[PDB]
Amino acid sequence: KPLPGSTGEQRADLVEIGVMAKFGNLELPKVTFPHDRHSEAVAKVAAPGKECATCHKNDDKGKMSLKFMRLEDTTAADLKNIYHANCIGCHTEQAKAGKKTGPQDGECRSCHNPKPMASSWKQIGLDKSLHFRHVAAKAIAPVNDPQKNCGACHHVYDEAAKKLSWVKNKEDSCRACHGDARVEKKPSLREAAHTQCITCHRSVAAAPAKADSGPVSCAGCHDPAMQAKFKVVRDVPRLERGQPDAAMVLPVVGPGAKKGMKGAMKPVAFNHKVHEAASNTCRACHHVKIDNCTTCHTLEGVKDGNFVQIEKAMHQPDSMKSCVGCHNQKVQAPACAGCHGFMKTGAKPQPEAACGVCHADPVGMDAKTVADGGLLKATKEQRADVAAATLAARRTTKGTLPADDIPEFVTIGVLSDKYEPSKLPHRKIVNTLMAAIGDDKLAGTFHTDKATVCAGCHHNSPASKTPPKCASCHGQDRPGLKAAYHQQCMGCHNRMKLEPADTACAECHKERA
Ligand code: HEM
Ligand code: HEM
Ligand code: HEM
Ligand code: HEM
Ligand code: HEM
Ligand code: HEM
Ligand code: HEM
Ligand code: HEM
Ligand code: HEM
Ligand code: HEM
Ligand code: HEM
Ligand code: HEM
Ligand code: HEM
Ligand code: HEM
Ligand code: NA
Ligand code: NA
Ligand code: NA
Ligand code: NA
Ligand SMILES: [Zn+2]
Ligand SMILES: [Zn+2]
Ligand SMILES: [Zn+2]
Ligand SMILES: [Zn+2]
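Draft legend 1. Representation of the coordination of the sodium ion (ligand 16). Protein-derived coordination of the sodium ion (ligand 16) comes from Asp 105 (OD) and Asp 105 (OD), at a distance range of 2.0 to 3.0 Å. Looking at the element boundaries, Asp 105 is found in the loop between helix 2 (76–96) and helix 3 (108–111).

Spelled out as structure tokens, the structure:
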């Protein structure tokens, strides 16, 4: 790392102007334009709310253009002139006026710099806290509703009224519909944001009410040091959009043939409300749009889902979007990692004991009826009600076996030579692992017996209050007895991150002589 004093200046301010490349190859470098420097310099000379008007024009509606001295790109010749005439224009007059200003007519490289400075730029969005702060800001006024703020920002195209409108409980993240470039009359996310966000912030700032507003300068949203200063709400209430607290995820077959696939598992009740809280975003799971998975993911798979079948969509050990997948990742947490890194949970075929945790007999419907497909042709409401009851029927372990079955100490001296036998704080470690698990819901639901966690070290043998010796399958079943101990014992202390420069071979046994 280069000394802190020679790392150079960075801005979140920099606009790379290269729009001309839309008309061919460039003779010279793209021009680097420090936006915040310019708007601050103008806020001084421009007296009215005309600060941005100096360089941005309005359309026939009044929506400010995000283009420089123009409403639309046109001729490679018209644009080259719009820039030099207005850019050098203003620099020239200001220089006559004795003001510090930008590059003048002959100073080509100075605008066309091949070696501009470093960006400190950073992306921004509305996480749970920031979103709630807008949901709750009385300055953003309720729109088409007695109290709900949503219509101020969210909308669908009513292909009928020919108008964009706030449909209640249809609101979805800007990314669902706004992408990298613009499709048709639909802006890119970049323009979409810059339009709505900055326009509203400026309205509030300008308003008689003098209420707090949002940033307008580039660095105010995009500088990392500026983002750190946003106040954070650590209590963000649930985001209410009409979603189910409980849901039946079903083996829907594609509206193709009925190829006579039916299904091989009982259905799955899904606790939606619990997963909302444990997730940063809806889009994490609803990765295209907020809809439902079986729209695009069916038993046999459909074009609209790139044929990723529903089994794949719910199990990919590889994928954060899938049930088992995400869970496979949650298990990488230090408290879980000690058993689970040793079990290799995402790297072997998932045990059949775990299938029934999700795939359970639904509660509140006749068994025959469920095979008959009863849940498939049934109100959204009957499914909601059935899922809630199914979820509520669910068992849960807390704690493990009773201490009298868990020896307090275990001496391992089968190998004792350079070291004395290691005295294993057996019961203490179990208690602490149970303690580390806490009241974690993933743990408490997927650990189906009180004895389950014993397989976190006593693997490959039948679940038992009396497991076999390690030397059973280890020695002369790959690692030897010593490496088995060393790999499992140090393995977990490492993954659990409880000890580094504090490591002594003395921890688990005394050296002799
Ligand atoms: C007499 C020296 C200059 C010459 C010969 C020159 C030449 C050119 C040419 C040929 C282009 C077309 C795009 C390309 O081929 O790269 C261009 C674009 C541009 N020039 Fe200059 N320029 C000069 C000075 C300046 C100065 C001093 C400024 C800043 C006030 C400036 C700002 C721009 C901008 C903003 C563009 C459009 C950005 C883009 O490339 O898309 N130029 N210039
Ligand atoms: C506080 C009032 C202003 C606001 C809110 C504003 C906002 C914006 C936004 C949102 C963009 C697009 C950013 C991007 O996607 O990279 C932009 C671009 C730009 N702005 Fe401003 N601006 C303001 C004032 C000015 C002024 C006074 C100038 C002239 C010194 C200026 C010159 C430019 C230029 C040259 C671009 C690059 C786009 C192009 O080449 O056409 N802006 N501005
Ligand atoms: C898109 C055309 C423009 C380009 C490419 C451009 C580019 C630049 C650059 C590269 C600098 C930094 C020079 C330095 O570090 O000393 C600068 C500074 C400056 N420009 Fe521009 N400029 C443009 C248009 C304008 C316009 C229209 C105005 C007048 C409203 C203006 C006013 C200024 C001022 C006042 C400074 C110095 C402010 C400060 O000290 O931070 N520029 N410009
Ligand atoms: C109480 C009425 C509202 C509801 C029910 C609502 C709901 C939602 C939902 C469900 C999402 C997608 C969340 C995700 O995928 O993580 C979202 C995103 C978003 N909402 Fe709202 N919203 C409301 C009001 C507003 C308002 C008033 C604004 C503007 C001040 C706003 C701005 C946004 C933005 C910018 C995003 C995208 C966040 C990002 O990805 O950075 N919302 N909203
Ligand atoms: C996705 C576009 C938007 C982004 C990224 C954004 C971002 C932000 C940020 C970061 C803040 C807090 C700044 C701070 O604490 O210093 C803020 C505040 C605010 N924003 Fe936005 N905003 C966006 C759109 C909007 C829109 C469309 C409106 C108007 C409906 C709006 C209204 C407000 C208000 C009223 C505040 C001040 C609330 C308060 O803290 O009392 N914002 N915004
Ligand atoms: C005039 C200074 C600004 C410049 C030069 C600028 C530039 C940019 C650029 C280049 C992107 C897209 C990057 C990409 O495609 O990956 C972007 C995205 C964005 N900007 Fe700005 N921005 C400015 C000010 C602001 C302000 C003041 C806000 C807050 C109202 C804001 C909010 C956003 C948002 C929400 C996005 C979308 C992030 C995403 O792509 O997920 N920007 N901006
Ligand atoms: C290795 C044990 C498992 C097997 C063999 C298995 C098998 C299957 C199969 C074959 C399907 C397609 C539909 C059907 O044929 O009925 C399915 C769907 C599904 N599975 Fe699993 N699964 C297992 C474990 C799990 C677990 C642990 C979860 C919860 C994290 C889960 C959640 C789901 C969901 C949500 C669906 C889609 C809804 C449905 O059609 O039932 N599965 N599974
Ligand atoms: C607060 C953000 C969220 C909102 C607003 C939301 C909303 C919804 C809605 C409205 C539905 C019902 C779709 C319909 O039948 O019309 C749904 C279903 C579903 N959501 Fe979410 N959700 C959010 C977050 C999540 C997260 C984070 C996950 C993953 C942990 C998730 C997983 C699911 C699943 C698996 C379904 C069932 C789809 C099916 O039955 O095929 N949701 N969600
Ligand atoms: C919240 C319900 C959903 C879940 C849990 C889900 C899950 C998944 C998973 C696990 C994959 C493949 C692994 C990966 O790429 O990470 C996938 C792929 C895909 N999904 Fe979904 N999905 C859901 C909803 C949807 C919806 C509603 C659509 C259609 C609008 C859709 C369209 C697609 C497409 C086109 C792919 C293929 C892209 C790829 O290979 O990643 N999905 N989905
Ligand atoms: C539709 C597929 C899924 C099913 C059937 C499923 C099922 C479950 C079940 C049964 C639990 C135990 C707690 C309870 O039931 O209240 C749970 C917990 C959890 N799941 Fe899922 N899940 C799925 C997808 C996901 C995904 C995609 C993620 C990551 C975005 C995820 C993250 C979690 C987390 C973090 C917990 C722990 C809850 C807590 O501690 O509050 N799940 N899941
Ligand atoms: C709070 C952190 C933990 C979480 C979130 C967690 C989560 C889970 C989940 C989701 C499963 C079922 C998934 C599958 O079998 O593929 C599971 C199984 C299991 N967990 Fe954990 N666990 C945690 C901590 C632990 C600890 C500390 C131990 C050891 C004392 C442990 C031992 C086991 C065992 C033995 C199984 C059964 C594997 C088999 O079927 O053979 N877990 N855990
Ligand atoms: C890098 C420091 C270490 C060295 C050089 C070392 C060396 C050895 C050797 C040579 C043996 C074979 C038996 C003997 O000669 O007495 C052994 C056994 C063993 N070590 Fe370590 N060890 C170290 C750290 C650890 C740690 C940190 C743990 C606990 C997390 C541990 C747990 C064990 C166990 C359980 C045995 C088998 C006990 C027996 O059968 O006597 N060792 N170790
Ligand atoms: C409550 C669940 C558990 C039960 C009932 C249990 C029970 C037992 C029993 C009966 C023994 C035999 C003692 C002897 O040979 O004299 C033993 C040994 C052992 N247990 Fe556990 N245990 C459990 C959990 C664990 C866990 C979670 C770990 C890993 C931290 C573990 C690690 C060991 C080790 C290393 C031995 C020594 C075996 C050898 O050296 O061959 N046990 N356990
Ligand atoms: C047979 C191999 C192992 C040996 C010889 C061993 C030995 C020890 C010893 C001597 C301590 C106490 C250190 C002190 O108080 O200064 C300890 C603590 C601990 N061990 Fe192990 N360990 C082994 C395997 C494991 C495994 C596989 C795990 C994870 C599943 C684990 C998790 C822990 C934890 C969490 C503690 C801290 C408990 C507390 O201080 O309350 N150990 N171990
Ligand atoms: Na002027
Ligand atoms: Na010239
Ligand atoms: Na459903
Ligand atoms: Na070793
Ligand atoms: Zn969805
Ligand atoms: Zn009901
Ligand atoms: Zn004791
Ligand atoms: Zn250790």
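Draft legend 2. Seen up close, the site of ligand 14. Close to ligand 14 lie 17 residues, the nearest being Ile 429, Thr 432, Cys 489, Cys 492 and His 493. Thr 432 has a polar side-chain atom sitting 3.0 Å from an oxygen atom of ligand 14. Between ligand 14 and the protein, one listed contact pairs a nitrogen atom with a side-chain N or O atom of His 493 at 3.0 Å. Contributing elements (two or more residues each) for the shell around ligand 14: helix 16 (426–437) and helix 18 (481–496).

Draft legend 3. Spotlight on unusual backbone geometry. Even without a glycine there, the phi angle at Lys 162 is positive, about 60 degrees. Counting through the fold element by element, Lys 162 comes out in the loop between strand 5 (156–158) and strand 6 (163–165). In this structure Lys 162 comes out as exposed when scored by relative accessible area, which is 58%. Non-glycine residue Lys 210 carries a positive phi angle of around 50 degrees. Looking at the secondary structure, you find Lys 210 in the loop between helix 6 (189–206) and helix 7 (218–222).

Draft legend 4. Representation of the pattern of salt bridges within the structure. Tallied over the entire structure, the rule returns 15 salt bridges. Between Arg 11 and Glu 9 there is a salt bridge, with its nearest N and O atoms 2.8 Å apart. The exposure class of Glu 9 is exposed, given its relative accessible area of 53%. By sharing partners, the salt bridges in this structure join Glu 9, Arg 11 and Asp 13 into a single network.

Draft legend 5. Spatial organisation of the site of ligand 7. Close contacts around ligand 7 come from 20 residues, with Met 265, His 315, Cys 355, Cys 358 and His 359 the closest. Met 265 is positioned with one of its backbone polar atoms (N or O) 2.7 Å from an oxygen atom of ligand 7. For the shell around ligand 7, the elements supplying multiple residues, two or more each, are helix 10 (310–315), helix 11 (323–330) and helix 13 (355–358). The element contributing the most residues to the shell around ligand 7 is helix 10, with three residues. For the shell around ligand 7, the class distribution of residues is 15 nonpolar, five polar and no charged.

Draft legend 6. Spatial organisation of the nonpolar core. Residues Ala 246, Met 248, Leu 250, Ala 269, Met 365, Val 370, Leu 375, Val 386, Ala 387 and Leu 391 constitute the largest nonpolar core, which totals ten residues. Elements supplying a minimum of two residues to this core: strand 7 (246–249) and helix 15 (380–393). Residue contributions to this core peak at three residues, all from helix 15.

Draft legend 7. Geometry of the UniProt feature "binding site: Zn(2+) 2" (unreviewed entry) in the chain. Here the UniProt feature "binding site: Zn(2+) 2" (unreviewed entry) sits at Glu 381 and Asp 385. For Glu 381, the position within the fold is in helix 15. Among the secondary structure elements, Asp 385 is positioned in helix 15.

Draft legend 8. Highlighting the packing of aromatic side chains. Counted under the stated rule, the structure contains one aromatic pair. On the numbers, 5.7 Å between centres and 20 degrees between planes, the contact of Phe 68 with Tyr 83 is stacked. You can see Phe 68 sitting in the loop between helix 1 (35–45) and helix 2 and its partner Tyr 83 sitting in helix 2, a full 15 residues away along the chain. Residues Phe 68 and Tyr 83 agree in their burial class; the two are buried. The ring of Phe 409 is capped by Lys 423, whose NZ or CZ atom sits 4.3 Å from the centre of that ring.

Rules used throughout
Residues numbered from 1 in each chain as written, not as in the entry; some residues may be left out. Chains lettered and ligands numbered in written order. Heavy atoms only, no water. Donors = N, O, S within 2.8 Å, 3.2 Å for Na, K, Ca; no water. Helix = DSSP H or I, 4+ residues; strand = E, 2+ residues; numbered from the N terminus. Near = heavy atom within 4 Å. Polar contact = N/O pair within 3.5 Å; in protein donor to acceptor, adjacent residues only side chain to side chain. Buried < 20%, exposed > 50% of the residue type's maximum accessible area, 1.4 Å probe, protein only. Salt bridge = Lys/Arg side-chain N within 4 Å of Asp/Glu carboxyl O. Nonpolar A, V, L, I, M, F, W, Y, C, P; charged D, E, K, R; others polar. Core = buried A, V, L, I, M, F, W, Y, C linked by side-chain atoms within 4.5 Å. UniProt positions renumbered as here; feature names shortened; annotations may be inferred. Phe/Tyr/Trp six-rings, centres within 6.5 Å; stacked < 30°, edge-to-face > 60°. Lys NZ or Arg CZ within 6 Å of the ring centre and 35° of its normal.

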